[PDB]
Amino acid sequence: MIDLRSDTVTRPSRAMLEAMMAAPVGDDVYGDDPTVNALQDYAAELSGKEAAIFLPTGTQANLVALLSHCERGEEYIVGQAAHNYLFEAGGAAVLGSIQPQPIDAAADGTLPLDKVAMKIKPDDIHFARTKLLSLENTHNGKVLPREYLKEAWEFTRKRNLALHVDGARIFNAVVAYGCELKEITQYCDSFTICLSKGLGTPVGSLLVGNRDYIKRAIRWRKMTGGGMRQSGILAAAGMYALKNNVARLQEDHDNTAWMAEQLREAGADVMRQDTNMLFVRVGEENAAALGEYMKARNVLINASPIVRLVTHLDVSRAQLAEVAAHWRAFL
């Protein structure tokens, strides 16, 4: 019904499913799928990069990204709450033999460069070998400052460190900046793009970067099990998504901001609104009862002291207004 748990729940639109059914395909392992190739060349050109690769999930996109950047024994500085450190079951370490070096992100979602600098290991056999700095744009909805993005870029060049950006929700930051994707991707060596969240595809993600870089990524994609066959049927949804579902993300943002106020006037404690995300401190009491009370009207959220509500193309404001009524009535 009304799912406010994540934007990963968005479903294929009629026009999308059709484009998926009319897509010409080929064996992607042999690199013969027209659609996959098409989706990749497009992504690479829109971002100003040389190559791109389609993957099953964003989790594999990041695992492959990390393996491509870091050899056995190297490390990547990242956030304590970042997806490719916290939410990917420790894969970079467990499977990739890469040393992780996490640090608390600043309140704004960036990684203080002064702190990043303190974590850069001296070239001594006691330490892992620092090699990469991984960011996450839209970090829990948070849009990273553009001045920071430029600064992280310069800093890594000065330290001869790669810079990767987990862009599961990069177009959300993009619509928010009001600029072209290229303007922000010029500040990284590689980044991912998820198609199965706000952009609304059934499955799919992209890793983009330098030609040689992507070349190595291919070997890892195969090893990890991401080398599909006629995956052009999926890449097709991605293309339709990047050409029709980007601008409208501003609608999710406006709704999140609308809901935030409604909830305010409803009595709910609104902690933070950012892009398609809002946070309500519901408390330990009313928490569980909240999930149950909402689940009854077919309203699905992740019960918790602090609830994270996420808006997407499959949730209108009218539906939000209704959810609001139910929240105001929960009191």
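Position 1 is the first residue in the sequence shown; the rest follow in order.
Chemist: Give the stretch, out of 18-26 and 309-317, with the larger mean C-alpha temperature factor in the deposited entry.
Modeler: If you average the C-alpha B-factors of 18-26 and of 309-317, the larger mean comes out for 18-26.
Chemist: Taking the mean of the C-alpha B-factors per stretch from the entry, tell me the winner out of 292-300 and 272-280.
Modeler: So the stretch with the higher mean C-alpha B-factor is 292-300.
Chemist: Considering only 87, 213, 177, 258, which residue's Cα atom bears the greatest B-factor as recorded?
Modeler: Spelled out: the listed residue with the top C-alpha B-factor is 258.
Chemist: Per the entry, which of 66, 38, 52, 263 tops the list for Cα B factor?
Modeler: Highest C-alpha B-factor among the listed residues goes to 263.
Chemist: If you rank the chain by CA B-factor, which third does residue 112 end up in: lowest, middle or highest?
Modeler: It belongs to the middle third of the chain when residues are ordered by C-alpha B-factor.
Chemist: Sort the modelled residues of this chain by their C-alpha B factor and say whether residue 57 lands in the lowest, middle or highest third.
Modeler: Middle third by C-alpha B-factor.
Chemist: Using the B-factor values recorded in the entry, state whether the Cα atom of residue 145 falls in the lowest, middle or highest third among the modelled residues of its chain.
Modeler: Highest third of the chain for residue 145's C-alpha B-factor.
Chemist: Looking at the entry's B-factor column for C-alpha atoms only, identify whether residue 247 ranks in the lowest, middle or highest third of its chain.
Modeler: CA B-factor rank for residue 247: middle third.
Chemist: What third of its chain, lowest, middle or highest, does the C-alpha temperature factor of residue 101 fall into?
Modeler: Lowest third - that is where residue 101 ends up once the chain's C-alpha B-factors are sorted.
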